[PDB]
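Worksheet: the structure to be examined is printed underneath.
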Amino acid sequence: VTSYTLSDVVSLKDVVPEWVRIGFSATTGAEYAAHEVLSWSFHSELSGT
Amino acid sequence: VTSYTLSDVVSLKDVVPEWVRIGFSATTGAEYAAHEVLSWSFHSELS
Amino acid sequence: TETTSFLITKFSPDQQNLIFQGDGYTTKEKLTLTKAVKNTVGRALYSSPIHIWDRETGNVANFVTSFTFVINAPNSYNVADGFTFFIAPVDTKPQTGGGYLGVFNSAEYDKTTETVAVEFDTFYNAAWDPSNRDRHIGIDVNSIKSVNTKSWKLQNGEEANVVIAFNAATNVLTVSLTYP
Amino acid sequence: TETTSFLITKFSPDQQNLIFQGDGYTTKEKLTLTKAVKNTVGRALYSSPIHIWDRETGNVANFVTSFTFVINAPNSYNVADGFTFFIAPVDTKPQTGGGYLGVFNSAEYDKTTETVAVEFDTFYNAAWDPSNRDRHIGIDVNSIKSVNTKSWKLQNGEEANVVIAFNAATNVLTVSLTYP
Ligand SMILES: OC[C@H]1O[C@H](O)[C@@H](O)[C@@H](O)[C@@H]1O
Ligand SMILES: OC[C@H]1O[C@H](O)[C@@H](O)[C@@H](O)[C@@H]1O
Ligand SMILES: [Ca+2]
Ligand SMILES: [Ca+2]
Ligand SMILES: [Mn+2]
Ligand SMILES: [Mn+2]
């Protein structure tokens with residue numbers, strides 16, 4: 001059980017739009033590997049204050 | 001507080017496709033009214 | 001195992017997770033399907049496809065939805081046509097208007113349509129609607145002629161709180177409407 | 001209040017609530033973004049747009065996502081380019097490949113991209129990657145030069161379980177990866 005953790009401040013409001021799409025990307029170039037996803041879950045919530 | 005209830009067996013597996021869209025519709029013809037929804041929530045789970 | 005869920009407690013002018021058809025549109029606060037005008041249709045769909053059942057397992061989903069709606073007729077005696085919550089194919093487009101609520105095209109069972117709808121019908125159509133001529137709740141499977149109905153007294157201008165639930169083990173669909 | 005949620009524990013051959021781009025495809029049980037082939041791009045998006053902030057209230061969403069991914073390189077020491085979870089405009093399409101991970105175009109901050117990404121970078125690109133030459137986790141904001149990174153030792157063929165989360169009150173994005 002090897003665990004890594006990174007954390008920072010991203011002010012979403014100033015970078016992305018109100019409505020977004022989220023997802024995954026993977027690429028190869030001169031070197032390569034297969035990239036695979038097995039499970040995914042997402043939950044978000046926004047207030048109307 | 002006034003309420004109404006209805007229940008019936010529906011064999012969804014023999015009527016709709018595996019992947020569906022859900023939603024609302026409303027119509028008027030020779031007669032009419034405004035039809036509006038104020039809030040909506042949904043939850044489904046397949047195993 | 002697959003879950004889909006969402007909650008919208010107030011609709012916005014830019015409700016981009018919905019798909020509008022016909023005259024359906026969102027405003028500040030409300031989702032408007034039809035204004036009070038003649039021969040009109042409005043539909044609004046959640047943008048994401050739902051996996052309601054599965055081939056390899058034969059598994060079927062359990063789901064529940066809840067919504068508040070308001071019908072507003074300028075003449076409380078001439079009220080038509082009604083409202084539905086439906087489950088249809090991914091490529092679903094509006095069907096016949098007026099008495100067919102924008103989801104069915106006939107009163108004979110039609111396997112093609114692949115739509116189950118829960119209707120809140122305000123207008124008696126002699127050809128398929130209940131003999132008592134009452135406004136009613138109904139469960140529709142591939143036909144505008146409901147498999148089951150219950151008389152409902154329309155409270156004009158009032159908010160109706162609906163909860164529709166489907167239990168996969170029993171295949172029972174339950175509808176409940178409550179006024180304050 | 002607006003909520004969007006979903007759970008996919010095992011992928012189906014027809015997975016209609018995702019949008020595929022490049023060579024992205026699903027099969028029974030997994031989503032394959034790229035096969036082990038040179039010069040390729042795979043992307044997979046969730047169908048519905050997500051409301052992540054509101055200009056009118058000024059509010060921002062709290063969100064949490066988690067996924068299990070496998071990287072499988074046939075030459076275990078020559079591995080490239082990586083994988084990212086990203087957040088971008090609704091109309092997002094594949095950007096530059098190779099070291100740009102299909103999500104960016106530049107190693108300079110570009111206000112036009114409107115994309116935040118969390119990268120699991122497996123190939124050292126001298127023009128912008130950590131001088132320590134280690135494979136790394138990183139937080140990218142409109143640039144392929146990450147704002148912050150962490151060295152990570154890849155386990156080939158092993159399941160990483162990742163959780164990413166964003167706190168609306170503090171604006172901190174937390175990333176954790178775990179191998180068994
Ligand atoms: O695949 C490794 C490497 O291959 C090439 O040198 C380029 O396409 C780079 O962008 C990429 O990072
Ligand atoms: O609007 C009430 C009624 O008007 C006409 O008679 C037709 O459009 C019907 O289908 C509809 O039900
Ligand atoms: Ca009718
Ligand atoms: Ca790199
Ligand atoms: Mn009827
Ligand atoms: Mn990097």
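Starting from 1 in every chain, residues are counted up; chains themselves are A, B, ... following the order of the structure tokens, and ligands are numbered from 1 as listed.
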Pick out the residues no farther than 9 Å from ligand 2, counting only C-alpha atoms and all ligand atoms, and list them as an mmCIF file with C-alpha atoms, in the first residue's frame.
data_model
loop_
_atom_site.group_PDB
_atom_site.id
_atom_site.type_symbol
_atom_site.label_atom_id
_atom_site.label_comp_id
_atom_site.auth_asym_id
_atom_site.auth_seq_id
_atom_site.Cartn_x
_atom_site.Cartn_y
_atom_site.Cartn_z
ATOM 1 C CA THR B 27 -49.120 19.654 -24.980
ATOM 2 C CA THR B 28 -52.113 21.856 -25.818
ATOM 3 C CA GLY B 29 -54.547 21.334 -28.781
ATOM 4 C CA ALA B 30 -57.825 23.210 -29.359
ATOM 5 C CA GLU B 31 -57.726 23.987 -25.628
ATOM 6 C CA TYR B 32 -54.875 24.900 -23.308
ATOM 7 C CA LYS C 38 -53.367 26.679 -28.738
ATOM 8 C CA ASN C 39 -51.933 23.507 -30.397
ATOM 9 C CA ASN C 78 -61.468 24.345 -20.688
ATOM 10 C CA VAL C 79 -58.247 22.688 -19.668
ATOM 11 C CA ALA C 80 -56.180 20.576 -22.046
ATOM 12 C CA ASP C 81 -54.065 18.504 -22.796
ATOM 13 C CA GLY C 82 -51.759 17.494 -20.005
ATOM 14 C CA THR C 96 -48.294 13.549 -31.958
ATOM 15 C CA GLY C 97 -49.451 16.618 -30.051
ATOM 16 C CA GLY C 98 -52.786 17.593 -28.533
ATOM 17 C CA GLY C 99 -54.402 14.503 -27.028
ATOM 18 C CA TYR C 100 -51.283 12.343 -27.546
ATOM 19 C CA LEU C 101 -49.204 14.427 -25.103
ATOM 20 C CA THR C 122 -56.598 17.164 -18.145
ATOM 21 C CA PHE C 123 -58.739 16.581 -21.230
ATOM 22 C CA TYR C 124 -61.191 13.808 -22.011
ATOM 23 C CA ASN C 125 -60.595 12.228 -25.391
#
Residue neighbourhood stretch 21-36 of chain A, 9 Å, only C-alpha atoms, exclusion window fewer than 5 positions, as a compact mmCIF listing (two decimals) with N, CA and C atoms, in the first residue's frame:
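This is the output file part-v7.txt:
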# COMPACT_ATOMS: atom_id res chain seq x y z
N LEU D 18 -21.12 8.01 -22.03
CA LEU D 18 -19.81 8.57 -22.22
C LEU D 18 -19.68 9.01 -23.66
N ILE D 19 -18.83 10.00 -23.92
CA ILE D 19 -18.54 10.45 -25.27
C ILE D 19 -17.12 10.00 -25.63
N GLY D 24 -10.52 6.16 -28.04
CA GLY D 24 -11.22 5.73 -26.85
C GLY D 24 -12.34 4.75 -27.15
N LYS D 30 -13.56 -2.87 -19.05
CA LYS D 30 -12.80 -1.61 -19.01
C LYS D 30 -12.93 -0.64 -20.18
N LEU D 31 -12.54 0.60 -19.90
CA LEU D 31 -12.44 1.66 -20.88
C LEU D 31 -10.99 1.75 -21.36
N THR D 32 -10.68 1.46 -22.62
CA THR D 32 -9.32 1.59 -23.16
C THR D 32 -9.15 2.93 -23.87
N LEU D 33 -8.27 3.79 -23.34
CA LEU D 33 -8.04 5.10 -23.95
C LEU D 33 -7.00 5.01 -25.07
N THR D 34 -5.92 4.29 -24.82
CA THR D 34 -4.95 4.01 -25.85
C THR D 34 -4.48 2.58 -25.77
N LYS D 35 -4.29 1.98 -26.92
CA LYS D 35 -3.64 0.69 -26.95
C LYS D 35 -2.12 0.98 -26.92
N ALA D 36 -1.28 -0.03 -26.69
CA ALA D 36 0.18 0.14 -26.70
C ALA D 36 0.73 0.35 -28.12
N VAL D 37 0.42 1.48 -28.72
CA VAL D 37 0.85 1.80 -30.08
C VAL D 37 1.38 3.22 -30.12
N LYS D 38 2.34 3.49 -30.99
CA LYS D 38 2.92 4.83 -31.07
C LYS D 38 1.96 5.89 -31.58
N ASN D 39 2.12 7.13 -31.15
CA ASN D 39 1.41 8.28 -31.71
C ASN D 39 -0.12 8.19 -31.78
N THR D 40 -0.71 8.05 -30.60
CA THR D 40 -2.14 7.81 -30.50
C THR D 40 -2.79 8.66 -29.42
N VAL D 41 -4.10 8.86 -29.48
CA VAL D 41 -4.83 9.72 -28.54
C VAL D 41 -6.14 9.07 -28.22
N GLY D 42 -6.49 8.96 -26.96
CA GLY D 42 -7.78 8.43 -26.59
C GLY D 42 -8.40 9.37 -25.56
N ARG D 43 -9.67 9.72 -25.74
CA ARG D 43 -10.33 10.56 -24.75
C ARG D 43 -11.75 10.05 -24.54
N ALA D 44 -12.21 10.20 -23.32
CA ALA D 44 -13.54 9.77 -22.93
C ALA D 44 -14.14 10.75 -21.92
N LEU D 45 -15.28 11.31 -22.29
CA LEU D 45 -15.98 12.32 -21.52
C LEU D 45 -17.33 11.86 -20.96
N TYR D 46 -17.74 12.39 -19.82
CA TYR D 46 -19.07 12.08 -19.38
C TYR D 46 -20.07 12.94 -20.16
N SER D 47 -21.08 12.26 -20.68
CA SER D 47 -22.18 12.79 -21.47
C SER D 47 -22.75 14.14 -21.09
N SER D 48 -23.15 14.28 -19.85
CA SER D 48 -23.80 15.49 -19.42
C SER D 48 -22.86 16.59 -19.00
N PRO D 49 -23.15 17.85 -19.33
CA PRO D 49 -22.39 19.00 -18.87
C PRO D 49 -22.63 19.07 -17.36
N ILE D 50 -21.65 19.56 -16.60
CA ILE D 50 -21.67 19.66 -15.14
C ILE D 50 -21.72 21.15 -14.79
N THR D 68 -10.18 3.86 -11.01
CA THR D 68 -9.06 2.94 -10.95
C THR D 68 -8.51 2.86 -12.33
N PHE D 69 -7.21 3.10 -12.51
CA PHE D 69 -6.60 2.95 -13.83
C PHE D 69 -5.39 2.01 -13.86
N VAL D 70 -5.09 1.42 -15.01
CA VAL D 70 -3.93 0.54 -15.17
C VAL D 70 -3.10 1.14 -16.30
N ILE D 71 -1.78 1.16 -16.16
CA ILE D 71 -0.89 1.51 -17.27
C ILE D 71 -0.11 0.25 -17.59
N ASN D 72 -0.10 -0.07 -18.86
CA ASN D 72 0.52 -1.30 -19.27
C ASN D 72 1.54 -1.10 -20.39
N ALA D 73 2.79 -0.87 -20.02
CA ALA D 73 3.82 -0.69 -21.01
C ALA D 73 4.55 -2.00 -21.33
N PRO D 74 4.61 -2.43 -22.60
CA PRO D 74 5.30 -3.66 -23.04
C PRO D 74 6.82 -3.54 -22.88
N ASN D 75 7.45 -2.38 -23.12
CA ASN D 75 8.83 -2.17 -22.68
C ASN D 75 8.74 -1.39 -21.36
N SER D 76 8.97 -2.08 -20.25
CA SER D 76 8.76 -1.49 -18.93
C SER D 76 9.61 -0.30 -18.56
N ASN D 78 10.84 1.91 -21.06
CA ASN D 78 10.56 2.97 -22.02
C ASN D 78 9.05 3.29 -22.08
N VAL D 79 8.57 4.12 -21.14
CA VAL D 79 7.14 4.41 -21.01
C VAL D 79 6.71 5.87 -21.33
N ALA D 80 5.66 6.06 -22.13
CA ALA D 80 5.16 7.38 -22.52
C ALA D 80 3.69 7.32 -22.95
N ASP D 81 2.82 8.33 -22.93
CA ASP D 81 3.08 9.65 -22.40
C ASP D 81 2.37 9.94 -21.10
N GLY D 82 1.20 9.33 -20.96
CA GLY D 82 0.48 9.47 -19.71
C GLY D 82 -1.02 9.48 -19.82
N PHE D 83 -1.61 9.90 -18.73
CA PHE D 83 -3.03 9.84 -18.53
C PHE D 83 -3.42 11.06 -17.73
N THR D 84 -4.57 11.62 -18.00
CA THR D 84 -5.08 12.72 -17.21
C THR D 84 -6.59 12.62 -16.96
N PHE D 85 -7.04 13.05 -15.79
CA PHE D 85 -8.44 13.37 -15.63
C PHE D 85 -8.54 14.88 -15.92
N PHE D 86 -9.46 15.38 -16.75
CA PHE D 86 -9.51 16.82 -17.01
C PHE D 86 -10.89 17.44 -16.89
N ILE D 87 -10.92 18.76 -16.75
CA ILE D 87 -12.14 19.54 -16.69
C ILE D 87 -11.96 20.64 -17.74
N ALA D 88 -12.87 20.70 -18.71
CA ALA D 88 -12.75 21.62 -19.84
C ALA D 88 -14.10 22.16 -20.37
N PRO D 89 -14.22 23.10 -21.34
CA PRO D 89 -15.51 23.59 -21.85
C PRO D 89 -16.36 22.46 -22.41
N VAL D 90 -17.68 22.62 -22.55
CA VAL D 90 -18.52 21.49 -23.00
C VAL D 90 -18.15 20.90 -24.36
N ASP D 91 -17.62 21.76 -25.22
CA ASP D 91 -17.25 21.40 -26.59
C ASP D 91 -15.82 20.89 -26.78
N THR D 92 -15.17 20.51 -25.68
CA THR D 92 -13.80 20.05 -25.73
C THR D 92 -13.56 18.91 -26.70
N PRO D 94 -9.94 16.76 -28.76
CA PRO D 94 -8.54 16.42 -28.57
C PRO D 94 -7.62 17.54 -28.98
N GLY D 97 -1.22 15.84 -29.16
CA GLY D 97 -0.84 14.56 -28.58
C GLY D 97 0.54 14.50 -27.94
N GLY D 98 1.07 13.27 -27.93
CA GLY D 98 2.34 12.98 -27.30
C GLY D 98 2.46 13.57 -25.90
N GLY D 99 3.52 14.34 -25.65
CA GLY D 99 3.77 14.94 -24.35
C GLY D 99 2.71 15.95 -23.91
N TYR D 100 1.80 16.36 -24.82
CA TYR D 100 0.70 17.28 -24.47
C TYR D 100 -0.58 16.64 -23.95
N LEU D 101 -0.54 15.30 -23.82
CA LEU D 101 -1.57 14.45 -23.23
C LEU D 101 -2.98 14.62 -23.80
N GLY D 102 -3.08 15.10 -25.04
CA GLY D 102 -4.37 15.33 -25.68
C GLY D 102 -5.19 16.47 -25.07
N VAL D 103 -4.68 17.22 -24.09
CA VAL D 103 -5.45 18.29 -23.45
C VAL D 103 -4.86 19.70 -23.57
N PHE D 123 6.51 10.14 -18.97
CA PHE D 123 7.62 10.41 -19.87
C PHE D 123 8.19 11.79 -19.65
With only C-alpha atoms considered, list every residue of chain C at most 12 Å from chain A, as a PyMOL selection string. chain C and resi 1-12+14-17+29+48
Select the residues contacting ligand 5 at a distance of at most 8 Å, based on only C-alpha atoms and all ligand atoms, then format the selection as a PyMOL selection string. chain C and resi 119-125+128-130+135-138+144-146+149
Selected residue of minimal separation from chain B among C:131, C:155, C:95, C:148, counting only C-alpha atoms: C:148
Within 8 Å of stretch 10-13 of chain A, counting only C-alpha atoms, which residues qualify if same-chain residues fewer than 5 places away don't, as a ChimeraX atom specification? /A:18 /D:53,60,141,171-173
Write out as a PyMOL selection string the set of residues from chain B that DSSP, computed on the backbone, places in alpha helix (DSSP H). chain B and resi 12-15
Selected residues, N, CA, C and O atoms, written as a PDB file, in the first residue's frame, please.
ATOM      1  N   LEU B  12     -40.595  -3.288 -17.607  1.00  0.00           N
ATOM      2  CA  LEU B  12     -39.714  -2.372 -18.342  1.00  0.00           C
ATOM      3  C   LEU B  12     -38.744  -3.018 -19.305  1.00  0.00           C
ATOM      4  O   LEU B  12     -38.599  -2.531 -20.418  1.00  0.00           O
ATOM      5  N   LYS B  13     -38.231  -4.188 -18.936  1.00  0.00           N
ATOM      6  CA  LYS B  13     -37.302  -4.947 -19.754  1.00  0.00           C
ATOM      7  C   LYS B  13     -37.846  -5.413 -21.116  1.00  0.00           C
ATOM      8  O   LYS B  13     -37.113  -5.661 -22.080  1.00  0.00           O
ATOM      9  N   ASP B  14     -39.170  -5.481 -21.223  1.00  0.00           N
ATOM     10  CA  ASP B  14     -39.806  -5.859 -22.484  1.00  0.00           C
ATOM     11  C   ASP B  14     -40.425  -4.719 -23.276  1.00  0.00           C
ATOM     12  O   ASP B  14     -40.962  -4.948 -24.355  1.00  0.00           O
ATOM     13  N   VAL B  15     -40.378  -3.496 -22.721  1.00  0.00           N
ATOM     14  CA  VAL B  15     -40.937  -2.286 -23.348  1.00  0.00           C
ATOM     15  C   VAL B  15     -39.857  -1.274 -23.785  1.00  0.00           C
ATOM     16  O   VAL B  15     -39.849  -0.806 -24.925  1.00  0.00           O
TER      17      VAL B  15
END
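The space between atom CA of residue A:6 and atom CA of residue D:177 spans 9.0 Å.
One distance worth recording is that between atom CA of residue C:63 and atom CA of residue C:114, which is 17.8 Å.
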Got a sec to tell me which of chain B DSSP assigns to strand (DSSP E), as a VMD selection string? chain B and resid 2 to 9 19 to 27 34 to 46
In Å and to one decimal, atom CA of residue C:167 is distant from atom CA of residue C:61 by 7.7 Å
